[PDB]
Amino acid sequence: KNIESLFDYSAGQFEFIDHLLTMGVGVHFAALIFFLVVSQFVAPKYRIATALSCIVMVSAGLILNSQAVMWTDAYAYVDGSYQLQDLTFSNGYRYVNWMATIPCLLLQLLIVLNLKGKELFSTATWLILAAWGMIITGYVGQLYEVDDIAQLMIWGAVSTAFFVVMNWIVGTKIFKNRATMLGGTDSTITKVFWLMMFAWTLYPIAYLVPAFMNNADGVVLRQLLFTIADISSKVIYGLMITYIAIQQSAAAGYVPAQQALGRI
């Protein structure tokens, strides 16, 4: 079970969560349109980094819309508060989105990093492997967020071990391949790494909400952190990857990338 199913919610708490999720759908699909449009101004060897953002926007947007539908269908406003009608709302569908979107977010980083060939394939394999372990162990720990907080923290500790290893591999490859990047994007890519580390750390914090704020307000706070983390890790992060791909495109002489930057 999950802590969401434990509480009734005031109209203010319930509708705030609903608007957070609905706004998340709108923001992800709004970025989707932008990424599709701007991808033509990216050189062919970087265009797959922009395509990966489109895939992330589609899958993140569809699953956020599924959760807003489940949120509305699970509770009804009875006797002055929103009460659970159906055992249907699960944050586990976020975990399947994460397993879908995390590899795409990692791959588009490696591409603008100018990883190629054997090093690109092998690095992607280990990063996806480390992400798989982080998601599966975290998903099992999330099963005990109501019944046994101790198991939530023990599985979260193992999941964090995968998280630290994944970031070490990413930081290692950035430090090693920064110099190959054009147009000053070698400076930009490590700030993207800092944003990635800040944004991805918001997820384990929301994961631990049942352990330090197990009430209706903690449920609101958790969806708030997820909303901030999604927009940061997918939309803002994707905009920076796209800027890097366009900047390196223009630096290599790709003409339509140069007009796009001339407008700003």
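Start at 1 with the first residue shown and count on from there. Definition used throughout: the rigid core is the maximal C-alpha set that superposes within 1.5 Å between two forms.
With every structure aligned by its rigid core, 79-87 is the stretch of 79-87 and 100-108 whose CA positions lie farther away in 6 other deposited structures of this protein. For the pair 101-109 and 149-157, the mean B factor over Cα atoms is greater in 149-157. Here the stretch with the larger average CA B-factor, out of 76-84 and 187-195, is 76-84. Highest C-alpha temperature factor among 40, 227, 201, 50 per the entry: 40.
Sort the chain's modelled residues by C-alpha temperature factor and residue 121 lands in the middle third, per the entry. In the PDB entry, a CA B factor belonging to the middle third of its chain's modelled residues is recorded for residue 17.
Ranked by C-alpha B-factor against the other modelled residues of its chain, residue 137 falls in the lowest third. Looking at the C-alpha B-factors along this chain, the one for residue 69 belongs to the highest third. Per the deposited record, the Cα B-factor of residue 96 falls in the highest third when ranked against the other modelled residues of its chain.
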